[PDB]
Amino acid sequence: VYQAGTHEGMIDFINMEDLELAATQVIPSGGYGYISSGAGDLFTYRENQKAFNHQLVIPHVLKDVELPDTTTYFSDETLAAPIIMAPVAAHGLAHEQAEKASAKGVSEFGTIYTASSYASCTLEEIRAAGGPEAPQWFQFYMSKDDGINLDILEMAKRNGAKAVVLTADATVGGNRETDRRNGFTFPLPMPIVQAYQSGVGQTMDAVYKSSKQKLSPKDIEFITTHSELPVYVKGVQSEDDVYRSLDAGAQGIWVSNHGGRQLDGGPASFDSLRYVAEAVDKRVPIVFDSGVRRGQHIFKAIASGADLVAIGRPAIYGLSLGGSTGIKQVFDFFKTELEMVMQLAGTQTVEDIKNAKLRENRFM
């Protein structure tokens, strides 16, 4: 039997590194390997966190700032901070209460929750746990069957999704050698995609291969036609990918390399953000993720063209140790660090962060 974390309450940590280590005590070895590792030789995975010091934040002085405000106005939403929950599969790997605990905690922090197509819970349970005023987005792993795709989009609409995130950088799984060494298989169902994927006893490789490989601009047009919700393309790391996405009617761009879990030997996401921000030229919102472990990383991403920054692994480690309380403590850690960075950089508001100029590191 697979037994995940069961604690609901305050957790003890200093930073995201000791939090990651502490989670090894409550997540079964195979599940921990699935969450913690990445593709191939882990070049791209390691580069994600290193890349934030490719650009240096200037601690400006005499900027007439106190009590910096992380409050973020995004569409008709008011967020506590420009920090959201990334779509992460199978929260039941981390905590018994799974996406019910994560959706409740992110709702209570007061920011956007992105639900995974590969969730351990139904979208109905995710909406119920967050409450009716919780801002929730739906991340779509599409079927090869358009009937099933219409059914999943109608289901996202019923549950009040405010955007559809088409993940386009996992048409097949990466060469995740920790999963291979562990003989990893999923312990729980995936109810949202149950029409094409059963989850239980399936390999990582098998699950991605059950979804659609031949994604194209026609898939954005399909989602627009049948849902009327704004479409974000996730995995965008170049100008060519921006123009393909916007020409097909995308209303958002999500810069990511899937936390270094996919194509080893590719760039760090933070380096790609510069190319993507130039191509987008503020025409649509940008979400950024992959390697974020400090407030200074969030500041640098927003200064470089991100409107929102998404959190993956650190939120899952917090969930494993403390449930809803634990995941909210991780968002609070990032908000508290961002407030410190805003004061020392001289930015009163999130819009002021966007206008900050970083210095390129010539000696990395």
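Sequential numbering from 1, following the sequence displayed.
Relative to one another, 189 to 197 and 95 to 103 have unequal mean CA B-factors, and 189 to 197 is the one with the higher figure.
According to the PDB record, 216 to 224 carries the higher mean C-alpha B-factor of the two stretches 216 to 224 and 162 to 170. Per the PDB record, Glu133 has a higher Cα B-factor than any other of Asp289, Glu177, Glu133, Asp271. Within the selection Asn149, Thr111, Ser116, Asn257, the deposited Cα B-factor values reach their highest point at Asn149.
Among all modelled residues in this chain, the alpha-carbon of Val26 has a temperature factor (C-alpha) in the highest third. Remark: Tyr275 belongs to the middle third of its chain, ranked by C-alpha B-factor as recorded.
In the deposited entry, the Cα temperature factor of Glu239 sits in the middle third of values across the chain's modelled residues. Looking at the C-alpha B-factors along this chain, the one for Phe184 belongs to the highest third. Placement of the Cα temperature factor of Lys357 within the chain: middle third of the modelled residues, per the deposited record.
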